[PDB]
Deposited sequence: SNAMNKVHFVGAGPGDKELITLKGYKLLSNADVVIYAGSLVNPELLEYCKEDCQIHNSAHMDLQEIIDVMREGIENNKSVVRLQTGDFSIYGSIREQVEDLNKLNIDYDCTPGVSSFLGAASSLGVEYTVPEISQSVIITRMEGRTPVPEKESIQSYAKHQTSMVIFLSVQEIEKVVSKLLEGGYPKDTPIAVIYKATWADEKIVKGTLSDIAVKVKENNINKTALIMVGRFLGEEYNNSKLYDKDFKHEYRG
């Protein structure tokens, strides 16, 4: 067909889009991107006469109209979403709405920010005799068997998306599920963007280190012995 193309933008760096992503983007007639969550530098890969829409200022129905009209005028349509949409992506709404209308689409994965964060930190989640797993979660209430404390019990590597002001709740949940105070932890803002910042520490001292970096906005926290390497 001329499918609507859902494209993972990667974690911030211009060049961390997939080759496939880049081809579709650089050929798109209509692009719908996520506001300030997607790096604007990406948009420079688009055609001179491309029509850009910023979903951040749009309701669902407007995105869809924009999509449908792209299809009906035989225009290549790309919806750029941050990192990958299989982890915190809200792509279901748009898909169901397109089924409703009988519009073919496809999906092109991207590099998750937690992958970006690791490379950026030159670190490996899975490290022999230390951990063979990762738990990925994020921090208004949460069922017990899915809480940070509960996941902490495994003492494996963890990735936690948070709002940063909530640092003290999460540290205390980590200690509560039994991570020791010296457990290494890192907090990364805008992993792989030009402005990325990394605050390294342990469970006791990072609350302070985060406040004293003042750095606001959402972050990844990475927790575990795997930071010891």
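Colleague: List the gaps, meaning deposited-sequence segments with no CA coordinates, ordered along the sequence.
Modeller: No coordinates exist for the deposited residues in 1-3, 143-145, 236-253, so these stretches are absent from the model.
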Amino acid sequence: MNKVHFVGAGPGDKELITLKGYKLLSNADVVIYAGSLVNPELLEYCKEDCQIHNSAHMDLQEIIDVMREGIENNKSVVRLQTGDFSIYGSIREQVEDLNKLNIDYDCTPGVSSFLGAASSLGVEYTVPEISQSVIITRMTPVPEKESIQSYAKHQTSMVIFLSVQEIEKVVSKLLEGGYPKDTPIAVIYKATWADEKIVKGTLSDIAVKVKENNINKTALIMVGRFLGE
From here on, numbers count along this sequence of modelled residues.
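Colleague: State which stretch shows the higher mean Cα B factor in the entry: 75-83 or 97-105.
Modeller: Averaging CA B-factors over each stretch, the winner is 97-105.
Colleague: Please work out which of 163-171 and 26-34 has the higher mean CA B-factor as recorded in the PDB entry.
Modeller: The deposited B-factors put 163-171 ahead on the C-alpha mean.
Colleague: Whose CA atom has the top B-factor in the entry, of 221, 19, 215, 9?
Modeller: Going by the entry's C-alpha B-factors, 215 comes out highest.
Colleague: Ranking the modelled residues of this chain by C-alpha B-factor as given in the entry, is residue 123 in the lowest, middle or highest third?
Modeller: Middle third, going by the recorded CA B-factors of the chain.
Colleague: Mind checking which third residue 136 falls in for C-alpha B-factor across the chain?
Modeller: Bottom third by C-alpha B-factor.
Colleague: Among all modelled residues of this chain, ranked by Cα B factor, put residue 130 in the bottom, middle or top third, i.e. lowest, middle or highest.
Modeller: Highest third, going by the recorded CA B-factors of the chain.
Colleague: Just say lowest, middle or highest third for the CA B-factor of residue 192 relative to the other modelled residues in its chain.
Modeller: Its C-alpha B-factor, which the entry lists for residue 192, ranks in the middle third among residues of this chain.
Colleague: Comparing residue 202 with the other modelled residues of its chain, is its CA B-factor in the lowest, middle or highest third?
Modeller: Ranked within chain, residue 202 CA B lands in the middle tercile.
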